[PDB]
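This is coords-v6.pdb (PDB, C-alpha atoms and all ligand atoms).
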```pdb
ATOM      1  CA  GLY A   1     -17.979 -27.004  -9.343
ATOM      2  CA  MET A   2     -14.310 -27.108  -8.280
ATOM      3  CA  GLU A   3     -12.211 -27.442 -11.472
ATOM      4  CA  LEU A   4     -10.126 -24.306 -10.864
ATOM      5  CA  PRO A   5      -6.974 -23.911  -8.747
ATOM      6  CA  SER A   6      -6.895 -21.523  -5.778
ATOM      7  CA  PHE A   7      -4.597 -19.006  -7.458
ATOM      8  CA  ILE A   8      -4.824 -17.821 -11.057
ATOM      9  CA  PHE A   9      -2.132 -15.533 -12.458
ATOM     10  CA  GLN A  10      -1.942 -13.306 -15.546
ATOM     11  CA  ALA A  11       0.088 -14.924 -18.329
ATOM     12  CA  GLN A  12       1.212 -11.518 -19.695
ATOM     13  CA  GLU A  13       1.095  -7.875 -18.551
ATOM     14  CA  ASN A  14      -1.879  -5.797 -19.759
ATOM     15  CA  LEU A  15      -0.466  -2.250 -19.910
ATOM     16  CA  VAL A  16      -1.789   1.019 -21.362
ATOM     17  CA  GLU A  17       0.450   3.836 -22.614
ATOM     18  CA  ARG A  18      -0.665   7.296 -21.482
ATOM     19  CA  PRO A  19       0.948  10.704 -21.969
ATOM     20  CA  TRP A  20       0.348  11.363 -18.249
ATOM     21  CA  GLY A  21       1.926   8.046 -17.102
ATOM     22  CA  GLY A  22       5.320   8.006 -15.355
ATOM     23  CA  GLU A  23       7.719   5.154 -14.470
ATOM     24  CA  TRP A  24       5.952   3.490 -11.517
ATOM     25  CA  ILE A  25       3.937   0.790 -13.288
ATOM     26  CA  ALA A  26       6.741  -0.561 -15.535
ATOM     27  CA  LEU A  27       8.937  -0.685 -12.420
ATOM     28  CA  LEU A  28       6.289  -2.717 -10.546
ATOM     29  CA  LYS A  29       6.353  -5.110 -13.514
ATOM     30  CA  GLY A  30      10.171  -5.365 -13.515
ATOM     31  CA  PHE A  31      11.302  -2.998 -16.291
ATOM     32  CA  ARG A  32      12.215   0.645 -17.020
ATOM     33  CA  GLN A  33       9.722   2.547 -19.170
ATOM     34  CA  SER A  34       8.073   5.955 -18.892
ATOM     35  CA  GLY A  35       4.593   6.695 -20.299
ATOM     36  CA  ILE A  36       2.656   3.761 -18.863
ATOM     37  CA  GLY A  37      -0.533   5.086 -17.285
ATOM     38  CA  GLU A  38      -2.401   1.844 -16.491
ATOM     39  CA  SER A  39      -2.141  -1.857 -15.792
ATOM     40  CA  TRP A  40      -5.374  -3.827 -16.196
ATOM     41  CA  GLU A  41      -5.444  -6.734 -13.760
ATOM     42  CA  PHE A  42      -7.709  -9.662 -14.769
ATOM     43  CA  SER A  43      -9.591  -7.496 -17.228
ATOM     44  CA  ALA A  44     -12.603  -9.111 -18.844
ATOM     45  CA  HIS A  45     -13.264  -5.833 -20.677
ATOM     46  CA  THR A  46     -13.680  -6.578 -24.406
ATOM     47  CA  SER A  47     -11.466  -3.636 -25.483
ATOM     48  CA  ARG A  48      -8.521  -5.005 -23.513
ATOM     49  CA  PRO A  49      -8.932  -8.514 -22.026
ATOM     50  CA  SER A  50      -6.218  -9.989 -19.800
ATOM     51  CA  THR A  51      -4.878 -13.436 -20.515
ATOM     52  CA  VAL A  52      -4.435 -15.866 -17.636
ATOM     53  CA  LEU A  53      -2.560 -19.056 -16.701
ATOM     54  CA  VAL A  54      -4.741 -21.883 -15.410
ATOM     55  CA  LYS A  55      -2.510 -24.769 -14.184
ATOM     56  CA  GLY A  56       0.161 -23.597 -16.656
ATOM     57  CA  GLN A  57      -2.103 -23.174 -19.726
ATOM     58  CA  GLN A  58      -2.971 -19.824 -21.311
ATOM     59  CA  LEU A  59      -6.470 -18.388 -21.983
ATOM     60  CA  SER A  60      -8.395 -15.107 -22.014
ATOM     61  CA  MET A  61     -10.373 -13.799 -18.990
ATOM     62  CA  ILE A  62     -13.341 -13.735 -21.337
ATOM     63  CA  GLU A  63     -13.024 -17.447 -22.155
ATOM     64  CA  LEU A  64     -12.355 -18.219 -18.470
ATOM     65  CA  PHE A  65     -15.520 -16.377 -17.406
ATOM     66  CA  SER A  66     -17.831 -17.927 -20.033
ATOM     67  CA  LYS A  67     -16.618 -21.445 -19.058
ATOM     68  CA  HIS A  68     -16.263 -21.040 -15.265
ATOM     69  CA  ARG A  69     -18.628 -18.236 -14.349
ATOM     70  CA  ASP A  70     -20.546 -20.044 -11.538
ATOM     71  CA  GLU A  71     -17.371 -21.408  -9.913
ATOM     72  CA  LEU A  72     -15.623 -18.025 -10.196
ATOM     73  CA  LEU A  73     -18.501 -15.973  -8.796
ATOM     74  CA  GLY A  74     -19.819 -18.422  -6.201
ATOM     75  CA  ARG A  75     -22.543 -16.777  -4.114
ATOM     76  CA  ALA A  76     -22.360 -13.736  -6.450
ATOM     77  CA  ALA A  77     -23.318 -15.837  -9.514
ATOM     78  CA  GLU A  78     -27.026 -14.926  -9.372
ATOM     79  CA  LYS A  79     -26.295 -11.214  -8.820
ATOM     80  CA  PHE A  80     -23.895 -10.759 -11.753
ATOM     81  CA  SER A  81     -24.444 -12.098 -15.272
ATOM     82  CA  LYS A  82     -21.548 -10.163 -16.844
ATOM     83  CA  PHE A  83     -18.063  -9.898 -15.382
ATOM     84  CA  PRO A  84     -18.699  -7.416 -12.537
ATOM     85  CA  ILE A  85     -15.484  -5.373 -12.153
ATOM     86  CA  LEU A  86     -12.391  -3.863 -13.722
ATOM     87  CA  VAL A  87      -9.202  -3.590 -11.669
ATOM     88  CA  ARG A  88      -6.533  -1.115 -12.718
ATOM     89  CA  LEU A  89      -3.263   0.233 -11.407
ATOM     90  CA  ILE A  90      -3.187   3.930 -12.414
ATOM     91  CA  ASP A  91      -0.109   6.157 -12.448
ATOM     92  CA  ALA A  92      -1.549   9.670 -12.708
ATOM     93  CA  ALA A  93       1.915  11.211 -12.612
ATOM     94  CA  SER A  94       1.042  14.346 -14.583
ATOM     95  CA  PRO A  95      -2.351  15.861 -13.791
ATOM     96  CA  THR A  96      -5.318  14.181 -15.487
ATOM     97  CA  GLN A  97      -8.127  16.392 -16.833
ATOM     98  CA  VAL A  98     -11.329  16.530 -14.782
ATOM     99  CA  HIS A  99     -13.803  13.864 -15.855
ATOM    100  CA  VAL A 100     -17.041  12.279 -14.677
ATOM    101  CA  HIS A 101     -18.770   8.896 -15.009
ATOM    102  CA  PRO A 102     -22.431   8.201 -15.849
ATOM    103  CA  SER A 103     -24.746   6.030 -13.722
ATOM    104  CA  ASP A 104     -26.334   2.890 -15.224
ATOM    105  CA  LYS A 105     -29.450   4.967 -15.785
ATOM    106  CA  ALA A 106     -27.558   7.832 -17.489
ATOM    107  CA  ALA A 107     -25.446   5.473 -19.642
ATOM    108  CA  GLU A 108     -28.645   3.711 -20.790
ATOM    109  CA  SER A 109     -30.336   7.057 -21.499
ATOM    110  CA  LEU A 110     -27.257   8.198 -23.487
ATOM    111  CA  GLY A 111     -27.422   4.886 -25.423
ATOM    112  CA  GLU A 112     -23.920   3.710 -24.511
ATOM    113  CA  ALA A 113     -22.928   0.089 -25.180
ATOM    114  CA  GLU A 114     -21.185   0.070 -21.767
ATOM    115  CA  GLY A 115     -22.902   0.416 -18.379
ATOM    116  CA  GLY A 116     -22.411   2.977 -15.615
ATOM    117  CA  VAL A 117     -19.312   3.333 -13.457
ATOM    118  CA  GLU A 118     -18.827   3.412  -9.696
ATOM    119  CA  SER A 119     -15.308   3.043  -8.301
ATOM    120  CA  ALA A 120     -13.233   2.567  -5.190
ATOM    121  CA  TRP A 121      -9.695   4.013  -5.092
ATOM    122  CA  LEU A 122      -6.761   2.892  -2.973
ATOM    123  CA  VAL A 123      -3.893   5.359  -3.104
ATOM    124  CA  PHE A 124      -0.246   4.288  -2.654
ATOM    125  CA  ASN A 125       1.643   7.539  -2.215
ATOM    126  CA  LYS A 126       1.495  11.203  -1.261
ATOM    127  CA  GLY A 127      -0.127  12.966  -4.192
ATOM    128  CA  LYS A 128      -3.280  14.920  -4.936
ATOM    129  CA  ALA A 129      -6.754  13.503  -5.442
ATOM    130  CA  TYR A 130      -9.589  15.783  -6.608
ATOM    131  CA  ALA A 131     -13.229  14.782  -6.126
ATOM    132  CA  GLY A 132     -16.550  16.680  -6.048
ATOM    133  CA  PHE A 133     -17.160  20.418  -6.432
ATOM    134  CA  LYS A 134     -16.147  22.363  -3.337
ATOM    135  CA  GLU A 135     -18.990  24.841  -4.004
ATOM    136  CA  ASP A 136     -22.178  24.838  -6.120
ATOM    137  CA  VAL A 137     -21.418  25.679  -9.767
ATOM    138  CA  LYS A 138     -23.513  26.615 -12.793
ATOM    139  CA  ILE A 139     -23.118  24.587 -16.009
ATOM    140  CA  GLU A 140     -23.088  27.859 -18.012
ATOM    141  CA  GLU A 141     -20.212  29.280 -15.974
ATOM    142  CA  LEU A 142     -18.181  26.059 -16.449
ATOM    143  CA  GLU A 143     -18.761  26.487 -20.218
ATOM    144  CA  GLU A 144     -17.364  30.040 -20.043
ATOM    145  CA  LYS A 145     -14.193  28.522 -18.580
ATOM    146  CA  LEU A 146     -13.849  26.142 -21.561
ATOM    147  CA  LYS A 147     -13.200  29.240 -23.689
ATOM    148  CA  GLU A 148      -9.905  29.849 -21.876
ATOM    149  CA  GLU A 149      -6.780  28.078 -23.158
ATOM    150  CA  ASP A 150      -6.325  25.706 -20.199
ATOM    151  CA  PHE A 151      -8.508  26.679 -17.252
ATOM    152  CA  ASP A 152      -7.540  24.503 -14.283
ATOM    153  CA  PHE A 153     -10.893  22.862 -13.470
ATOM    154  CA  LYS A 154      -9.230  20.997 -10.571
ATOM    155  CA  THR A 155      -9.268  24.359  -8.685
ATOM    156  CA  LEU A 156     -13.073  23.909  -8.419
ATOM    157  CA  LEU A 157     -12.856  20.500  -6.708
ATOM    158  CA  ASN A 158     -12.157  19.211  -3.188
ATOM    159  CA  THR A 159      -8.382  18.755  -3.062
ATOM    160  CA  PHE A 160      -6.971  15.898  -1.016
ATOM    161  CA  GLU A 161      -3.324  15.655  -0.111
ATOM    162  CA  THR A 162      -3.053  11.912   0.297
ATOM    163  CA  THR A 163      -0.976   9.527   2.385
ATOM    164  CA  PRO A 164      -0.524   5.874   1.367
ATOM    165  CA  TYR A 165      -3.668   3.721   1.656
ATOM    166  CA  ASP A 166      -6.160   6.585   1.789
ATOM    167  CA  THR A 167      -9.309   5.539  -0.037
ATOM    168  CA  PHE A 168     -11.971   7.269  -2.106
ATOM    169  CA  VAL A 169     -15.327   6.212  -3.474
ATOM    170  CA  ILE A 170     -16.170   7.993  -6.720
ATOM    171  CA  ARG A 171     -19.890   7.791  -7.438
ATOM    172  CA  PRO A 172     -21.606   8.519 -10.793
ATOM    173  CA  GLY A 173     -21.857  12.255 -11.490
ATOM    174  CA  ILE A 174     -18.887  13.164  -9.240
ATOM    175  CA  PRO A 175     -16.148  15.134 -11.086
ATOM    176  CA  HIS A 176     -12.625  13.935 -10.313
ATOM    177  CA  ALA A 177      -8.934  13.950 -11.264
ATOM    178  CA  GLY A 178      -5.509  13.143  -9.802
ATOM    179  CA  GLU A 179      -1.967  14.508  -9.873
ATOM    180  CA  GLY A 180       1.291  12.813  -8.879
ATOM    181  CA  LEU A 181      -0.947  10.008  -7.677
ATOM    182  CA  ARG A 182      -0.403   6.230  -7.702
ATOM    183  CA  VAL A 183      -3.650   4.365  -7.221
ATOM    184  CA  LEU A 184      -5.450   1.038  -7.439
ATOM    185  CA  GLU A 185      -8.907   1.661  -8.969
ATOM    186  CA  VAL A 186     -11.594  -1.013  -8.656
ATOM    187  CA  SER A 187     -14.623  -0.095 -10.765
ATOM    188  CA  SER A 188     -17.617  -1.479 -12.622
ATOM    189  CA  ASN A 189     -16.596  -3.331 -15.759
ATOM    190  CA  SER A 190     -16.909  -0.132 -17.820
ATOM    191  CA  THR A 191     -14.608   2.638 -19.030
ATOM    192  CA  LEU A 192     -17.244   5.330 -19.774
ATOM    193  CA  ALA A 193     -15.717   8.671 -18.825
ATOM    194  CA  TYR A 194     -16.551  12.172 -19.998
ATOM    195  CA  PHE A 195     -13.856  14.809 -19.820
ATOM    196  CA  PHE A 196     -14.225  18.555 -19.275
ATOM    197  CA  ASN A 197     -13.654  19.522 -22.918
ATOM    198  CA  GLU A 198     -15.666  20.563 -25.965
ATOM    199  CA  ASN A 199     -15.679  17.022 -27.389
ATOM    200  CA  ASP A 200     -17.429  15.496 -24.343
ATOM    201  CA  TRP A 201     -19.354  18.537 -23.047
ATOM    202  CA  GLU A 202     -22.830  17.398 -24.183
ATOM    203  CA  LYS A 203     -22.330  14.187 -22.166
ATOM    204  CA  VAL A 204     -20.840  16.050 -19.177
ATOM    205  CA  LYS A 205     -23.936  18.301 -18.988
ATOM    206  CA  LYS A 206     -26.245  15.281 -18.785
ATOM    207  CA  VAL A 207     -24.411  13.437 -15.969
ATOM    208  CA  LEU A 208     -22.468  16.038 -13.964
ATOM    209  CA  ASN A 209     -23.313  16.688 -10.304
ATOM    210  CA  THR A 210     -22.948  20.483 -10.110
ATOM    211  CA  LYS A 211     -23.659  20.630  -6.344
ATOM    212  CA  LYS A 212     -21.149  21.058  -3.538
ATOM    213  CA  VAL A 213     -19.915  17.695  -2.289
ATOM    214  CA  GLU A 214     -18.716  17.328   1.303
ATOM    215  CA  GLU A 215     -15.355  15.604   1.845
ATOM    216  CA  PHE A 216     -16.942  12.782   3.901
ATOM    217  CA  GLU A 217     -19.036  11.885   0.830
ATOM    218  CA  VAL A 218     -15.951  10.924  -1.237
ATOM    219  CA  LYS A 219     -13.390   9.808   1.395
ATOM    220  CA  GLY A 220     -13.259   6.156   2.474
ATOM    221  CA  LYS A 221     -11.599   4.692   5.594
ATOM    222  CA  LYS A 222      -7.849   4.080   5.774
ATOM    223  CA  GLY A 223      -7.108   0.894   3.791
ATOM    224  CA  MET A 224     -10.772   0.042   3.261
ATOM    225  CA  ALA A 225     -13.527   1.101   0.863
ATOM    226  CA  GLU A 226     -16.645  -0.339  -0.764
ATOM    227  CA  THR A 227     -19.585   0.297  -3.071
ATOM    228  CA  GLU A 228     -22.785  -1.787  -2.977
ATOM    229  CA  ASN A 229     -21.295  -4.246  -5.473
ATOM    230  CA  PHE A 230     -17.668  -4.694  -4.429
ATOM    231  CA  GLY A 231     -15.010  -3.636  -1.940
ATOM    232  CA  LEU A 232     -11.325  -3.728  -1.115
ATOM    233  CA  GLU A 233      -9.353  -4.001   2.145
ATOM    234  CA  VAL A 234      -5.669  -3.853   2.976
ATOM    235  CA  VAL A 235      -4.538  -6.848   5.076
ATOM    236  CA  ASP A 236      -1.344  -6.282   7.117
ATOM    237  CA  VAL A 237       0.557  -9.562   7.183
ATOM    238  CA  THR A 238       3.378 -10.343   9.626
ATOM    239  CA  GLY A 239       3.978 -14.092   9.549
ATOM    240  CA  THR A 240       1.023 -16.216   8.422
ATOM    241  CA  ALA A 241      -2.523 -14.939   7.977
ATOM    242  CA  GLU A 242      -5.605 -16.895   7.026
ATOM    243  CA  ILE A 243      -7.850 -15.227   4.466
ATOM    244  CA  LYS A 244     -11.510 -16.048   3.679
ATOM    245  CA  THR A 245     -12.988 -15.379   0.236
ATOM    246  CA  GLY A 246     -16.561 -15.278   1.602
ATOM    247  CA  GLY A 247     -17.550 -17.740  -1.153
ATOM    248  CA  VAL A 248     -17.272 -15.033  -3.827
ATOM    249  CA  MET A 249     -14.566 -14.190  -6.382
ATOM    250  CA  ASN A 250     -11.556 -12.388  -4.884
ATOM    251  CA  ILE A 251      -8.534 -10.670  -6.435
ATOM    252  CA  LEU A 252      -5.382 -10.134  -4.371
ATOM    253  CA  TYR A 253      -2.898  -7.366  -5.092
ATOM    254  CA  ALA A 254       0.556  -7.428  -3.465
ATOM    255  CA  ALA A 255       1.131  -3.812  -2.415
ATOM    256  CA  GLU A 256       4.241  -4.348  -0.231
ATOM    257  CA  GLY A 257       6.372  -7.406   0.430
ATOM    258  CA  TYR A 258       6.704 -10.948  -0.865
ATOM    259  CA  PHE A 259       3.961 -13.552  -0.190
ATOM    260  CA  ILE A 260       3.757 -17.342  -0.139
ATOM    261  CA  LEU A 261       0.167 -18.439  -0.834
ATOM    262  CA  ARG A 262      -1.179 -21.786   0.393
ATOM    263  CA  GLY A 263      -4.603 -23.014  -0.705
ATOM    264  CA  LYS A 264      -5.389 -26.121  -2.710
ATOM    265  CA  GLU A 265      -1.888 -25.639  -4.144
ATOM    266  CA  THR A 266       1.079 -23.453  -3.127
ATOM    267  CA  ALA A 267       2.074 -20.347  -5.080
ATOM    268  CA  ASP A 268       3.693 -16.994  -4.459
ATOM    269  CA  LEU A 269       3.025 -13.336  -5.192
ATOM    270  CA  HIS A 270       5.526 -10.508  -5.732
ATOM    271  CA  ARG A 271       4.942  -6.823  -5.013
ATOM    272  CA  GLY A 272       3.205  -5.263  -8.050
ATOM    273  CA  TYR A 273       1.318  -8.397  -9.080
ATOM    274  CA  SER A 274      -2.189  -9.736  -8.637
ATOM    275  CA  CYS A 275      -3.780 -13.063  -8.131
ATOM    276  CA  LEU A 276      -7.337 -14.208  -8.986
ATOM    277  CA  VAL A 277      -8.973 -16.488  -6.401
ATOM    278  CA  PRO A 278     -12.124 -18.352  -7.531
ATOM    279  CA  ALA A 279     -15.094 -18.577  -5.111
ATOM    280  CA  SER A 280     -14.548 -22.352  -4.992
ATOM    281  CA  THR A 281     -11.639 -21.624  -2.623
ATOM    282  CA  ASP A 282     -13.175 -21.013   0.814
ATOM    283  CA  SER A 283      -9.925 -19.909   2.441
ATOM    284  CA  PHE A 284      -6.148 -20.000   2.199
ATOM    285  CA  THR A 285      -3.093 -18.621   3.961
ATOM    286  CA  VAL A 286      -0.691 -15.856   2.950
ATOM    287  CA  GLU A 287       2.776 -15.601   4.492
ATOM    288  CA  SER A 288       5.088 -12.605   4.602
ATOM    289  CA  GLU A 289       7.882 -11.255   6.833
ATOM    290  CA  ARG A 290       5.914  -7.966   6.857
ATOM    291  CA  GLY A 291       3.685  -7.144   3.931
ATOM    292  CA  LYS A 292       0.454  -5.539   2.783
ATOM    293  CA  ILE A 293      -1.887  -7.409   0.509
ATOM    294  CA  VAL A 294      -5.079  -5.914  -0.911
ATOM    295  CA  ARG A 295      -8.142  -8.151  -0.999
ATOM    296  CA  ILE A 296     -10.720  -7.162  -3.625
ATOM    297  CA  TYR A 297     -14.088  -8.866  -3.231
ATOM    298  CA  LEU A 298     -17.604  -8.923  -4.646
ATOM    299  CA  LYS A 299     -20.546  -8.012  -2.443
ATOM    300  CA  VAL A 300     -23.779  -9.993  -2.485
TER     301      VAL A 300
HETATM  302  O1  LIG A 401      -1.647  21.930 -15.741
HETATM  303  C1  LIG A 401      -2.288  20.778 -16.313
HETATM  304  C2  LIG A 401      -3.690  21.078 -16.843
HETATM  305  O2  LIG A 401      -4.654  21.107 -15.773
HETATM  306  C3  LIG A 401      -5.734  20.175 -15.985
HETATM  307  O3  LIG A 401      -5.781  19.223 -14.897
HETATM  308  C4  LIG A 401      -7.035  20.988 -16.109
HETATM  309  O4  LIG A 401      -8.095  20.537 -15.253
HETATM  310  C5  LIG A 401      -5.433  19.447 -17.300
HETATM  311  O5  LIG A 401      -5.222  18.052 -17.113
HETATM  312  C6  LIG A 401      -4.146  20.023 -17.846
HETATM  313  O6  LIG A 401      -4.432  20.604 -19.122
END
```

Taking this structure as input, can you express it in the form of structure tokens?
Amino acid sequence: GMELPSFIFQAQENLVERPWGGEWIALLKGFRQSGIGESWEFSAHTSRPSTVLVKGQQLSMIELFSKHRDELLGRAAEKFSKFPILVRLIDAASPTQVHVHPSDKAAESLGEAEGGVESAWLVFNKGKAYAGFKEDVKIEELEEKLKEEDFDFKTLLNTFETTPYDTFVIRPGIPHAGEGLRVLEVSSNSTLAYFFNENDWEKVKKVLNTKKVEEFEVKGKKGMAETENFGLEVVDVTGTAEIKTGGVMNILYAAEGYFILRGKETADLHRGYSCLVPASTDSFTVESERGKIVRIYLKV
């Protein structure tokens, strides 16, 4: 199967308004607007599917995947029967509340319609990431804190003062939050998240890792992180660089600079935008005066 072009673009922006969102995302997408917390890039999530342009014609990621699944996934086609990932730009400008994701096992046990969530984070600025308890805690003592008006639960977590392109891997059960933080978050194709509040507390108790987590357990390498199912890497481009898909679906995000893309056809990519590369493209070149492009890939 090789019906698809090398480079598939979103037809329209897929943005999410959030009270904690600032101005960064709208600005990436060429306009001025506060209160945008998220941009969903090539979402095949049923709550919020992206729409794409294939050779100039418009369709949903969901349609695209049901029709072109084997070609899109390539060597990952046997491993994944549903669309494997969700890619989001996140502008956590105001502090988010502490939350936690279930594993596949926990989500199934809780009877959720969605699966578990693992995620890899690529940070773009100097902000604060919070991940894992810095000491052992007791569920009961966390519940005492819920009684207070607005106990800062982030004070109980490892605090990371970031620099651009720091990475994190947030595993199921790990409590986390961000503040003044611009981030690319590649996760499972699931949005299950339980916040530290009365409404979600019964779910939190069932999935929360209450043990001390060491910093090395949540920190990735500079510009590079992976789970067992997917990964991301920052490619520094000065001039022309050849990029290999590995015969699996890739997504490219232009973090800095302007790129000319040359595969089966020629295209370009502006800072703030993403490109979907089907597995049927073995390799292609990207060209930039000096830029940084993020390659997101499936692991098989
Ligand atoms: O000061 C902001 C407050 O702190 C928190 O992060 C608590 O963990 C909440 O998001 C917000 O209510």

Where is the centre and how long are the edges: axis-aligned box on ligand LIG 401 (chain A), 4 Å on each side, Å to one decimal, as AutoDock Vina command-line options:
```
--center_x -4.9 --center_y 20.0 --center_z -17.0 --size_x 14.4 --size_y 11.9 --size_z 12.2
```

Selection under test: the PyMOL selection byres (((not hetatm)) within 9 of (chain A and resi 401)); residues as a PDB file with C-alpha atoms, in the coordinates of the input:
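Output (out.pdb):
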```pdb
ATOM      1  CA  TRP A  20       0.348  11.363 -18.249  1.00  0.00           C
ATOM      2  CA  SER A  94       1.042  14.346 -14.583  1.00  0.00           C
ATOM      3  CA  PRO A  95      -2.351  15.861 -13.791  1.00  0.00           C
ATOM      4  CA  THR A  96      -5.318  14.181 -15.487  1.00  0.00           C
ATOM      5  CA  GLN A  97      -8.127  16.392 -16.833  1.00  0.00           C
ATOM      6  CA  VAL A  98     -11.329  16.530 -14.782  1.00  0.00           C
ATOM      7  CA  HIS A  99     -13.803  13.864 -15.855  1.00  0.00           C
ATOM      8  CA  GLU A 149      -6.780  28.078 -23.158  1.00  0.00           C
ATOM      9  CA  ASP A 150      -6.325  25.706 -20.199  1.00  0.00           C
ATOM     10  CA  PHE A 151      -8.508  26.679 -17.252  1.00  0.00           C
ATOM     11  CA  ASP A 152      -7.540  24.503 -14.283  1.00  0.00           C
ATOM     12  CA  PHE A 153     -10.893  22.862 -13.470  1.00  0.00           C
ATOM     13  CA  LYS A 154      -9.230  20.997 -10.571  1.00  0.00           C
ATOM     14  CA  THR A 155      -9.268  24.359  -8.685  1.00  0.00           C
ATOM     15  CA  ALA A 177      -8.934  13.950 -11.264  1.00  0.00           C
ATOM     16  CA  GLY A 178      -5.509  13.143  -9.802  1.00  0.00           C
ATOM     17  CA  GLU A 179      -1.967  14.508  -9.873  1.00  0.00           C
ATOM     18  CA  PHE A 196     -14.225  18.555 -19.275  1.00  0.00           C
TER      19      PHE A 196
END
```

Env of stretch 240-245 of chain A: 12 Å cut, atoms = all atoms listed in the file, seq-sep filter 6 positions within chain, self excluded. Answer as number ranges by chain.
A: 6-7, 72-76, 232-234, 251-252, 259-263, 276-299

Stretch 101-106 of chain A: which residues within 7 Å, counting all atoms listed in the file, same-chain residues fewer than 4 positions away excluded, as a count of residues only?
10

Output the residue selection produced by the PyMOL selection byres (((chain A and resi 62-70) around 12) and not hetatm) on the file above, formatted as a ChimeraX atom specification.
/A:1-5,8,10,42-54,57-61,71-84,247-249,276,278-280

Spatial neighbours of residue A:137, 9 Å, only C-alpha atoms, chain gap at least 6 places, as a compact mmCIF listing (two decimals) with C-alpha atoms, in the coordinates of the input:
```
# COMPACT_ATOMS: atom_id res chain seq x y z
CA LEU A 156 -13.07 23.91 -8.42
CA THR A 210 -22.95 20.48 -10.11
CA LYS A 211 -23.66 20.63 -6.34
CA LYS A 212 -21.15 21.06 -3.54
```

Between atom CA of residue A:273 and atom CA of residue A:9, distance in Å (one decimal)
8.6 Å

I need the residue set behind the PyMOL selection byres (((chain A and resi 163) around 12) and not hetatm) for this file; please write it as a PyMOL selection string.
chain A and resi 122-129+160-162+164-167+180-183+222-223

Write the residues you've just listed into a file as a PDB file, in the coordinates of the input, and include C-alpha atoms for each of them.
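What landed in selection-v4.pdb:
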```pdb
ATOM      1  CA  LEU A 122      -6.761   2.892  -2.973  1.00  0.00           C
ATOM      2  CA  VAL A 123      -3.893   5.359  -3.104  1.00  0.00           C
ATOM      3  CA  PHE A 124      -0.246   4.288  -2.654  1.00  0.00           C
ATOM      4  CA  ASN A 125       1.643   7.539  -2.215  1.00  0.00           C
ATOM      5  CA  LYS A 126       1.495  11.203  -1.261  1.00  0.00           C
ATOM      6  CA  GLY A 127      -0.127  12.966  -4.192  1.00  0.00           C
ATOM      7  CA  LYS A 128      -3.280  14.920  -4.936  1.00  0.00           C
ATOM      8  CA  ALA A 129      -6.754  13.503  -5.442  1.00  0.00           C
ATOM      9  CA  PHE A 160      -6.971  15.898  -1.016  1.00  0.00           C
ATOM     10  CA  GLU A 161      -3.324  15.655  -0.111  1.00  0.00           C
ATOM     11  CA  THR A 162      -3.053  11.912   0.297  1.00  0.00           C
ATOM     12  CA  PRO A 164      -0.524   5.874   1.367  1.00  0.00           C
ATOM     13  CA  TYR A 165      -3.668   3.721   1.656  1.00  0.00           C
ATOM     14  CA  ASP A 166      -6.160   6.585   1.789  1.00  0.00           C
ATOM     15  CA  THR A 167      -9.309   5.539  -0.037  1.00  0.00           C
ATOM     16  CA  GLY A 180       1.291  12.813  -8.879  1.00  0.00           C
ATOM     17  CA  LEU A 181      -0.947  10.008  -7.677  1.00  0.00           C
ATOM     18  CA  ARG A 182      -0.403   6.230  -7.702  1.00  0.00           C
ATOM     19  CA  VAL A 183      -3.650   4.365  -7.221  1.00  0.00           C
ATOM     20  CA  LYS A 222      -7.849   4.080   5.774  1.00  0.00           C
ATOM     21  CA  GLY A 223      -7.108   0.894   3.791  1.00  0.00           C
TER      22      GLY A 223
END
```
